[PDB]
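Chain nomenclature is as follows: A, B, C, D, E, F, G, H and I, assigned in order of appearance, with residue numbering initiated at 1 for each chain independently.
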Amino acid sequence: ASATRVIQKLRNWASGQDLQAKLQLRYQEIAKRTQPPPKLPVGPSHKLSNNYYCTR
Amino acid sequence: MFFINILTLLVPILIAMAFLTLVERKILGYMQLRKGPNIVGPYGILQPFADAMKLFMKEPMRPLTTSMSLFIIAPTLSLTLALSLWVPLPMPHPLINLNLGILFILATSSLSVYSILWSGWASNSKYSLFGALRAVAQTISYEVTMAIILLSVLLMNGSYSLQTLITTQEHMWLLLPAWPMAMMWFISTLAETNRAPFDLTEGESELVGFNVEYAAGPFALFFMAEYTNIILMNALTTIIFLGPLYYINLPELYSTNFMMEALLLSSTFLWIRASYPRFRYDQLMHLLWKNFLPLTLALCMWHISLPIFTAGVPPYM
Amino acid sequence: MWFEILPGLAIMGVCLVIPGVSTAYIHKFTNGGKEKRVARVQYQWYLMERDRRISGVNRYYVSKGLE
Amino acid sequence: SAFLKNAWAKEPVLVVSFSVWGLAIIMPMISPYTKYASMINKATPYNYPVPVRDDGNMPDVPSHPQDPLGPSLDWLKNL
Amino acid sequence: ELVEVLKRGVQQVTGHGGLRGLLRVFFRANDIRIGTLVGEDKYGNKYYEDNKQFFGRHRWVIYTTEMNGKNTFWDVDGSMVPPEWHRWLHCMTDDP
Amino acid sequence: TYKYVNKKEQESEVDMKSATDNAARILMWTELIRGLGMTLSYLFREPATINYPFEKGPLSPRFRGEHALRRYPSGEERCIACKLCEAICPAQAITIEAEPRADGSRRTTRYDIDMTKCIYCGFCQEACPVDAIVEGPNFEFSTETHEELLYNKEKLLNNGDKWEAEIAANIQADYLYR
Amino acid sequence: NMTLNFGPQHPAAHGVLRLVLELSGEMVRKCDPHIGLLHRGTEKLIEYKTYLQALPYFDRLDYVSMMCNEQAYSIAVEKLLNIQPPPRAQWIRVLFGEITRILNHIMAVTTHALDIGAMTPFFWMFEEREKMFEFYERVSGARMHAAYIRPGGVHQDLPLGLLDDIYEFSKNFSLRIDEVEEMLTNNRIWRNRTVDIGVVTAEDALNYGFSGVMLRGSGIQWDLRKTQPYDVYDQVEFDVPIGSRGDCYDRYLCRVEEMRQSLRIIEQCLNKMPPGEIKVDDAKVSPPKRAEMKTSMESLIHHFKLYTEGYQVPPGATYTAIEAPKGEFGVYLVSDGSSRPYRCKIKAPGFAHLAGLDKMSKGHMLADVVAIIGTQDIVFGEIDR
Amino acid sequence: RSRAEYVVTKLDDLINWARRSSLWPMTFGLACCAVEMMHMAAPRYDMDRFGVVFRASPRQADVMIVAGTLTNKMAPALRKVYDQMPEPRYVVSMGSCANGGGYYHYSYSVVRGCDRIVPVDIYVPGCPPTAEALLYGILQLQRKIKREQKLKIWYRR
Amino acid sequence: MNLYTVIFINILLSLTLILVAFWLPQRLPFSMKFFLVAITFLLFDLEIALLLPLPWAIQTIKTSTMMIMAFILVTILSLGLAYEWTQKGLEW
């Protein structure tokens, strides 16, 4: 991006595609770092009852 | 003064040779989403000089099994013929104008095929000999159509002297007429400089042949030769088919436009390289002998007929 | 950005115009401000030589009606 | 004809190749200018035209180049 | 249009101090680009960020002139960056 | 569900118009020109390369990188020589021998990670109960001599002290996930 | 016949290949590929290593399709333990499995072109490949050689930003395939170099055990992903790109289609990934969570034993095949009751393909052989093992 | 400055700069480390920028990067290619498989390091040594090449 | 002479390079196809010769004979090519 319109137009044409819509270089669209803290889910078998291993 | 002129033609051309290499390593880069060499020097300007010095310093290796002359004659011949062919070129004024100028360029090019043959025999390793034999064949084949394409041109120019075309192309480029051959001159110029679409002479994936046993100084000289040629042949396209505007009062606008057209067509074979896969050895000869030679021989006859029945026989001299 | 390729091209170009301007002014200096005569055919060499004999030793010097 | 068609679309070089071979073998035969080539080149004066003695028995030869007699290239002019 | 790009170019060139500064950057960092100093570590390295540029090149470090004695004018190596500021440079943490 | 690639559904019979279009494709290299346009297009795109020393390719917190041994904030090295980091190392890289320190505490007399043997799996990071051995962020530790790559307890502990601040931040970010 | 060997250093030889060629002139009449230059002893080393500490080895057999390789060991060991991965993990393995087939195909299509002489396609896609590794590194910590897919379930949950970033890559990736699509699919020069080269007939392909795009390219309709659906390949919809004729072009076109079809599968996985746990909840098979091992005795005992000794999978033997990007990758794991395996025969799609080179490269030039190896997508790690 | 010592220090500085700026590497291409460099050659971390040749035949190669395990069947070859490289030549060992045996150290078919076969100048660590990590290693070779003082040693020899 | 001056500088420049380059640092591959090509090449190369004077011959007063001759030469060689194609020649 950050390309003068004319270069973009030349780009889009020479390529035959609207390459601007889907640029390869990433700009402020990528997930920000330090995404929020994760509280992951505990799966089955964590029941404190009727959880006999012999049955699983 | 003549020497001054000798220096003015060779030194600048050689420097241009060097920077073509840099330009080849940046235009190919940006096409492939990469900056190319910019860290050594400012914007990579010192990059060509840097590896030249690395190449000359590294030990030249003479294979145990190698001739020691057909080995050192080969790069000397390659650089000598290529730099020599810039001697008789109209820009617009030629350093040594020769009445049979285009025959000089055709003959001098033809001699370079030996360097490939001599280097391949000299190396005495299988990869080199196989590469040289196919290579000589490519180069020679692309000479037969290369020559006929010029003969068609000359017959519409009236003479073999490259200086005449500046007067032939005072109203229109010879591309408009004869475009069908330009294309065929351009493709043949791509073969004779062993550039990409036709780089089987020295395929890398195929036989990593011409410089297999050549490193350091010998590598460089051919190397230099190839790139100077890359320019020269492009420059011949820019005189024979794309005729730069000539004004007798100011001779440099001829050279200014010669500069512009040569750089763009030199840029084109750089652009061709990155854009196309390399042709097969027989696919390459299939093109010249089947696709192009019948087109060229017939269009050759059309260029002996166009003059006569259009009462346009060109003025000798 | 592509403009970085330009520095290299410029240096190539400057080095491809020098030759054409150089050869075409080291001629107009050595030949006395007049383009070096191109003697394609003998007649021209004759006329050229004739000129030499006509004045000095160099053909570029050119005598006129006042001689 | 049908092959001709495919030939026009497959192996479309030879077709063009031959076509030109012929068109160059025809235009010369039929053209309003073909004759000029042998004239325009004939006229171009390269070797000095040596003058003949005047026996005085020749009314065809012009006694002076600018005379109203002799050959003319007005055909070349306004060609 | 084109004038704009030339203009931003001037900004960049004139931005890194005087010509002295530009040459300092032009020749050792090989990039005349202006960003916002996000901090200067005790070693001397100066870190900058330009969120406008692509992810790859929005955060850069202009290394010091001398680190731990050694001259680092030209012999710049990555490890020069301090461990604290290493993750900021590699985008491990979005916080300076 | 299948899909034919390169299967011509039917035999389009040549029509002059079709033939011309094709012949033009062979004669004037039309598709070849199409390919040149694509590369010219990118020539105008911004290059994706990064100044390597000045800018660095992004690595998130789990990047394994270079081994380090951490210490408790107090200053007591975390490792208690349970030696299962040695047990689960796939390459046999970690060598640990231990003896009760004078304090009476359990500690490793010798902890040697052979980095040339190590394949940076990150299981040691996983296995440690006190999480004393961690995969540190640094990846730039190329060394002139092979011996430098072999690492004893003092190099790793020193590596741990140098990168502890970032290691702590990285473990802080990813521990909920583990 | 002028015997000439395609020595290892040559770039077209994938680093290690000594094809003894007999050149009947430039036409090559016989090839005797001498592999073994990268045999590392991968399957004799595994016998001395516990099931978890042998996972890493499976990321290095085919080194361009790491996770799909480690999904074959993970499925095998899981079968021998009669345990199944949790629902979220199975989607994550299918999500990572298709990122790997896009990654292998970008490898195979672009490096084939590098061999033929087209250089730009490699650079455009390789930038798209580091975008992808980042996804490996952000989920496992290793750009390649992750060790993420574990014998039971996967190792750690996806970071909280990965699925958005995989959408942004998949959203724009297809234009990138479209772009090399234009630059290397109709070039007369490519077609001539690739079309009608190394044709393999349908029955010959089955007999030579080709089992891959080489099987599908000649028209045989076989995908282990739809025929024998492993993991969740029963809940995702895709079209196998069967080619018609078998030339190296039809095989290229199939590889380009599978990249497109994988984007269709990746889309479904992001759209339908279930909330849940990433590893089976049996502490006996998958290691206990970091907080649990540091607060509950049953978990420390289970962590200590699993890391130090192992799963101790029940005695048995299984051959589990998954559709790895190259072809059918299968592990014949024979197991005694011990925590370390007894035998692990890695079937490499590639040992069979390289055998076919002599038959496929028949009546062909020195240059054709470079295309023939390129269209088998052979990585010598899998062949040499 | 004026001293035969100063002229001989400046001129190697020149000779060292040329070798440093243009290192044409030759990758054997063993195992997978070759991929982690094909990524260095690729656009995110271009090597050419630094003056590095993506593909160079042995006779025209300054640096050999051994990526991947050196089995006991490829050893006899590596040495040949190292021996056939032009004299000014340097080796960078990439991967725990090459600098040391790495996983596969104890195998019967793997040489435990390429240092046993070819003298090694920089050892780049990591199972897939990251691509920046190789780029740091190549840059470390450039720091080693700057320090070399061949002309100074000949003068005071 | 002017050419001689230029050329010897040209050789000197190349010999200088190779010399510094070497001084500063201080069995049966045969396919008739290949031979056949070389031959064809000269048959074509000779023809190129018989075709080279055509620029001077254009100005010949005859013209009719010129073209009649030139067209016959190009056509008979092309037929040579034609038979080369028809035969296994040119089919490598």
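The definition used in the following text is that a residue touches a chain if its C-beta (ideal position, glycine included) is under 8 Å from a C-beta of that chain, and two chains touch if they have at least 3 such contacts.
By chain, with names taken from UniProt: B = NADH-ubiquinone oxidoreductase chain 1; C = NADH dehydrogenase [ubiquinone] 1 alpha subcomplex subunit 1; D = NADH dehydrogenase [ubiquinone] 1 alpha subcomplex subunit 3; F = NADH dehydrogenase [ubiquinone] iron-sulfur protein 8, mitochondrial; G = NADH dehydrogenase [ubiquinone] iron-sulfur protein 2, mitochondrial; H = NADH dehydrogenase [ubiquinone] iron-sulfur protein 7, mitochondrial; I = NADH-ubiquinone oxidoreductase chain 3.
Touch-path distance (fewest steps) from subunit B to subunit E is 1. Counting C-beta pairs in contact across B-I and across E-H shows that the higher total falls to B-I.
Set against the C-alpha centre of subunit A, every other chain centre is closer than that of D. Per-chain CA centroids place subunit C at a distance of 66 Å from subunit F. Mean C-alpha positions place subunit D and subunit F at a centre distance of 79 Å. Rounded to a whole number, the gap between the C-alpha centres of subunit A and subunit F is 19 angstrom. Centre-to-centre separation of subunit D and subunit G, using mean CA positions: 74 Å. Each of residues 2, 15-16, 19, 23-26, 30, 32-34, 38, 40 in subunit A touches at least two other chains. Counting partner chains per residue, subunit H shows two or more touched chains at residues 42-44, 46, 49-50, 55, 87, 103, 106, 127, 130-132, 136, 139-140. Under the contact definition stated at the top, the residues of subunit E that touch 2 or more other chains are 30, 54-56, 77-79, 91-93. Every pair of chains meeting the contact definition is listed here: A-E, A-F, A-G, B-C, B-D, B-E, B-F, B-G, B-H, B-I, C-F, D-F, D-I, E-F, E-H, F-G, F-H, G-H, G-I. On the side of subunit F, the complex with subunit B involves touching residues 28-29, 32, 35-36, 38-40, 42-45, 47-49. Residues 43-44, 46-47 of subunit F are the ones touching subunit C in the complex. Touching subunit F in their complex are the following residues of subunit B: 27, 29-36, 183, 271-272, 274-276. Within the complex formed with subunit E, the residues of subunit H that make contact are 44, 132, 136, 139-140, 143, 146. Residues 56, 75, 77-79 of subunit E touch subunit H in their complex.
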